[PDB]
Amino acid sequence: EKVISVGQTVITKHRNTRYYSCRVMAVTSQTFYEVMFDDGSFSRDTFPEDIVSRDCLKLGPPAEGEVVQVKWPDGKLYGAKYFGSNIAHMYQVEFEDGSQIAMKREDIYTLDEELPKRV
């Protein structure tokens, strides 16, 4: 909605999404937090360790409705409110070079589905 004009300083976004084939080595249970970001977007797969205003692994979850600061993997910080938790899964995957990482369900695609235009 905001007008962008000659001479203005702005921030530009540059995507570099990568995709890799991998093998599922394990499926485990994981506690996730549900938070409403100040922008109105709602996340149900926030890691407890990504709340940086309260050390939730040491002190337990925030109170429901509590204002929290959430870190995104690139270090950007966001205001949100904590609204509860759920238990879901993490998927341990192995790459072609033998390296491994644990992934959330949202970041996994079967070999049959279209990969997103996010790249």
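So that there is no doubt, residue numbering starts at 1 and follows the sequence shown.
- Of the two segments, 109-117 and 3-11, the one listed with the higher mean B-factor is 109-117 (C-alpha atoms only).
- As listed in the deposited structure, the average C-alpha B-factor of 21-29 and of 96-104 is greater for 96-104.
- Comparing the C-alpha B-factors of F42, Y91, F47, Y78 in the entry, the top value falls on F42.
- Among the modelled residues of the chain, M36 sits in the highest third by CA temperature factor in this PDB entry.
- Per-chain ranking of the deposited C-alpha B factor places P61 in the lowest third.
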